[PDB]
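In: Any chance you can model this:
(6 chains)
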6 protein chains.
Amino acid sequence: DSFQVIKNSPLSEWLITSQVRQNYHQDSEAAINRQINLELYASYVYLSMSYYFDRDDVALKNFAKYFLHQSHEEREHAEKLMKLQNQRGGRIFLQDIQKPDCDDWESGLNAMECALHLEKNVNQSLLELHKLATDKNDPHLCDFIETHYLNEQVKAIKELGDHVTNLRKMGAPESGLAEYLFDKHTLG
Amino acid sequence: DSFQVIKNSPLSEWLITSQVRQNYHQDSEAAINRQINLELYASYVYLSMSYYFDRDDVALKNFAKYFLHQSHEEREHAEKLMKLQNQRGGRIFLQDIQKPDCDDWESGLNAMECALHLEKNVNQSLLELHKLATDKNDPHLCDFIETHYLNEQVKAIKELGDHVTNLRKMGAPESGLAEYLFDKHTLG
Amino acid sequence: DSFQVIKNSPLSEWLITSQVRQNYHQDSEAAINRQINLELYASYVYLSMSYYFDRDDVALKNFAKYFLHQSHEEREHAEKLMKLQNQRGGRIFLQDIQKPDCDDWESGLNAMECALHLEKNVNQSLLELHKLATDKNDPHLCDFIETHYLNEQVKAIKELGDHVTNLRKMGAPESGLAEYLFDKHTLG
Amino acid sequence: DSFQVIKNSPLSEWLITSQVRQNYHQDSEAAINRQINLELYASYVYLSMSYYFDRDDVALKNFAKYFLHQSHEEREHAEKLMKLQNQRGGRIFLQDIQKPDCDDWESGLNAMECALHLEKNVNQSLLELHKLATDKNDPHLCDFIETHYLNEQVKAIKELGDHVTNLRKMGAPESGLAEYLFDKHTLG
Amino acid sequence: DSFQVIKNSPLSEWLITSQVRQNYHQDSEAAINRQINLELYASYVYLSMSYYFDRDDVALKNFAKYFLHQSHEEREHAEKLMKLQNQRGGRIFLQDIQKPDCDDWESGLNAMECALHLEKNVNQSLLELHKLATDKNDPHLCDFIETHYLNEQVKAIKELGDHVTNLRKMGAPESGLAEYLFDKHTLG
Amino acid sequence: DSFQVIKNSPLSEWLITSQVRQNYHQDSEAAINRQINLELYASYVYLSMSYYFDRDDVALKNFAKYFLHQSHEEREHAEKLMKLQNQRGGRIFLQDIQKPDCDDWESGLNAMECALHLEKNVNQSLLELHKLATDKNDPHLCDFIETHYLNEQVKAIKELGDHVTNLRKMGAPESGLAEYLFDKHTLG
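Out: Numbers count the residues shown, from 1 in each chain, chains lettered A, B, ... in the order given. Next up is the structure itself:
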């Protein structure tokens, strides 16, 4: 996975005195830059899935609309992290954004399962960022993470699990009637 | 097909100095008259399909309403072409309108496939009209065609393809439940 | 006249058990199909006259608008007859629509006189349909004809007669001022 | 005609590096300057006709108002061309504006015929500008011409033709009653 | 200057019995025609300055808007003079409109100074027209001039003088900051 | 430049029968995929500039807001191209998005100049796409490009040129007062 390769890169590759800087360690600055890159990658993956469901031989409108909304949300998350980096007096360092691993998604159920996997990966990354913050005695960063990311990740994971369960019980992926009716009643 | 017979008729059979005529070749006048005839034929075919779905042993209301709307649109297209012919100083020449080739359509899926075929034929005819216009150095006619016909044809073809795909995946034409639910949720 | 040729065709050429059919004779079914063809022919003639008055060397706007409205009305009549055919359990059979006999109409007065002639022909056809219905003891069809066609035909004929009289007394067709004044004050 | 003398002047007499210039040939710049001069000439001619119909021994108010409106429109066209010249990075070069060829117009019909002639001349000039633009592979200029000038020229020519036809059929120029009544109904 | 050449041309070159003419001398008619030509020339000069300030390497929006408004006002003045010529029973005689003397204006201050010069020239011309009117005992013409032109000229000259003074005291033309801020605060 | 490397890559690296495909050549499909990649790159560059002007030792709010708006517009352009690719029956192929070449922008004037350069590069790419479309006789694609991209590029280039000119005349980049006042009055 590209996600793993990005996440396990050393901190020394994510760095380029400010009058506002106070109690802000270099390791935290590098970790914030890495997290920015991960958020942009997630946005790109969601965009790819959305326009997959727009093809003339797939044709499920509400799936595409749902995934496009997810993409816009991921981009907002990245911009918020950049704002924090500027607030505490660090410097932003950017990198290339990788193409998504999958090119064809093959059904609604398969795409939902891939999305669940991606969300759990993002959650694990945020938990490691939090433990790094507690190791350096930085309560402002800890409070920022707790108040803006953790409960949202938990709710998103629960929603995706519910969707997967309902699609499995209805008889997908063999039954196209199931995916048609799920597109109409749950996502519409 | 009657469409092919009409479209491959020579230009000399579609002709009957105006104070407004300027840079308007005889071949273009004849081709416009032929295109008028084709649009009226398409309107007649759509009317036939619409009232097929109104029979007591078929009974799908939203299919009939959809096809009636298509018929009215084709007639509007023909009237716009007649207005252009009068604007540039040519003379309108009319011919008989042929009866449609099919008398029974047998299901919603089959009618959708026939409609897709007819739309692609109309698009091919318009492309030949455009290349004729460019061969004679007539930019006004080229701009008229580009701005009023091409993107509409592309969108109509895409919509019909989506409809055919959804009807196939649900299990039509053997499953009447599929066509009932498609009539309710997509066309209703 | 094409109208006469269409109207005097035998009933055997206008035919292709329904769960709803009751007291509905085959001769009536064939006669309804023939009447549908006649209504479509009348619509086509009115369209031709309308766009004749749009030419740059004629240029009478209100004449053209009047005739276009008549064309739309004739098409509505045809669709109502098709609906009745489906209501009583018959089957619709379509034929070619003939081109109009006249290509140039030469003045407003001449077009009004041709329209009066066409309306009287349609009225005669409807009267024969009514007597056919009474010969077979079908009161529903008789009531349909009486309530939807006869008084409308009478009012249309009276209006056209009034128009012809006024155009003659003003000095048409030699006086263009007359036709100009009729276009402004009566049809505008 | 002064129009012909202006239009057939060589491009070398219509020219005087910008940070915004891109894909903009010198020949096109000169042709735009020439077209500006032509538009201003047309405005001046319309002004002359308008105040001719204001004289005490002619006295047709609505003719004068109509021609004054045409004059204002021509001036707006010229200002739009000057704006385009500044947008693409060329330089404006101005010349003298010639007096109109006619000093007395003698009737409403004669003035309408002269106006039709002038509009057809302007249309021919715009068509030559378009072919020049296509010879140099400049799509922005082509789109500008198509979207702002061609259909307007066509509609104006059609309207003037209709006016001339109606004035001829009523008995002008010998009948003053005809011109009096035309002023009140059509132009008013 | 072209203005001087136009203004010093003899009256015999500005002439081509009306039922309304009374107490209206030929010299006054010719002088009115000459004044019409001068007003149109002033309109053309203002148009040139306006589109000079629209260039991409000058870029001062409010200067351009101000000068365009002046151009429209000059054209209104000319139309009012033509109306008077028709009211008193004279005949309008038109001539060529000369191109402006300056092609590049080089700054806001220089353009303001040129405009002040032009307005004083127009005022001198109007004063000579008034003395001509008093020499022939024509009180209506005198009252027309006094009530529609003199106070407007005085106010315009005062405004332009104020603008020039403010631009000089701020440090123009060497300081671009001065012209930027004057564009924002005084003309905006 | 990364832009040049992306734009000069061969068409064979940008490709992976549809029921809707008609008159759509493989070369055009590959060129559309390449253009999508270029639009996403431009969005990323604008995002980088925007958050550069948010730093505590730069602190110009309206510059940052302006560049963020540009970034959102570029992303909308890319999504529109993806929609077209699906409409005509091709298949989307994605690639990595490159990091921007510049990491520090050093002033408002320098950033404006870099933006002007980038916009001219995008315009050149679109012109080559148009000539490719005309070489294959595809009028729908030509009309799409003309109606959605060319005039917008021209207006954007003109605006950026005006901004650069005004910043130079005020005395930037040495005068911080100039950039402060430009941030307040022009972008605010």
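In: In contact with residue A:14, which residues?
Out: Taking CB atoms under 8 Å, 6 or more residues apart in numbering or on different chains, we find residue A:14 in contact with A:30, A:31, A:33, A:34, A:93, A:95. The way it works is simple: take the backbone N, C-alpha and C, and place the C-beta from them, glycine included.
In: Beyond the helix or strand containing residue A:109, next helix or strand please.
Out: In the assignment (DSSP states H and E), residue A:109 maps to helix A:108-135. Later in the chain than helix A:108-135, the nearest helix or strand by DSSP H and E is helix A:139-145.
In: what are the C-alpha coordinates of that following helix, in PDB please?
Out: In PDB, the C-alpha atoms belonging to helix A:139-145 read as follows (Å, rounded to 0.1, in the frame of the first residue of the first chain):
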ATOM      1  CA  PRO A 139      -1.300  19.900  25.900                       C
ATOM      2  CA  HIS A 140      -2.500  22.300  23.200                       C
ATOM      3  CA  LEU A 141      -1.700  19.800  20.400                       C
ATOM      4  CA  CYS A 142      -3.300  17.000  22.400                       C
ATOM      5  CA  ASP A 143      -6.500  19.000  22.900                       C
ATOM      6  CA  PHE A 144      -6.600  19.900  19.200                       C
ATOM      7  CA  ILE A 145      -6.400  16.300  18.100                       C
END
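In: Okay, buried residues for that helix please.
Out: Buried residues in helix A:139-145, counted by 16 or more other CB atoms under 10 Å in any protein chain shown: A:141, A:142, A:144, A:145.
In: my guess is residue A:144 contacts residue A:84, does it?
Out: Yes. Here residue A:144 reaches residue A:84: they are 6.4 Å apart, a contact under CB atoms under 8 Å.
In: Nearest to the middle of chain A, which residue? Look it up for me.
Out: residue A:42 (4.4 Å; CA atoms, centre = their mean).
In: How many residues are close by the spatially closest residue to that one that is not a sequence neighbour?
Out: Computed as CB to CB, 6 or more residues apart in numbering or on different chains, the closest residue to residue A:42 that is not its neighbour in sequence is residue A:74, at 4.6 Å. Using other CB atoms under 10 Å in any protein chain shown, residue A:74 is surrounded by 20 other residues.
In: Doesn't residue A:74 belong to a helix?
Out: Yes. Residue A:74: assigned to a helix according to DSSP: H, G, I helix; E, B strand; the rest coil.
In: residues in contact with it?
Out: A:39, A:40, A:42, A:43, A:46.
In: residues touching the closest residue to residue A:130 other than its chain neighbours, list them.
Out: Computed as CB to CB, 6+ apart, the closest residue to residue A:130 that is not its neighbour in sequence is residue A:145, at 5.2 Å. Residues in contact with residue A:145 (CB under 8 Å, 6+ apart) are A:126, A:129, A:130, A:133.
In: Please identify which of these is nearest to residue B:22.
Out: Taking CB to CB as the measure, residue B:22 lies nearest residue A:126 of these, at 70.9 Å.
In: Just to check, the closest one is in contact with residue A:151?
Out: No. With contacts counted by CB under 8 Å, residue A:126 stays clear of residue A:151, the gap being 11.3 Å.
In: and these two? which has more neighbours close in?
Out: For residue A:126 versus residue A:151, the count of surrounding residues by other CB under 10 Å is larger for residue A:126: 17 against 10.
In: how much space is there between that one and chain E?
Out: Using CB to the nearest CB, to the nearest Å, residue A:126 is found at 48 Å from chain E.
In: That residue: what's it in contact with?
Out: Per CB under 8 Å, 6+ apart, neighbours of residue A:126: A:35, A:145, A:149, A:150, A:153.
In: Who's the closest spatial neighbour of the residue in chain A that chain D sits nearest to, skipping the chain neighbours?
Out: Using CB to the nearest CB, the single residue of chain A nearest to chain D is residue A:51, 28.1 Å away. Of all residues not flanking residue A:51 in the chain, residue F:82 sits nearest, at 5.1 Å (CB to CB, 6+ apart).
In: Quickly find the element holding the one you found.
Out: Per DSSP H and E: helix F:61-88 holds residue F:82.
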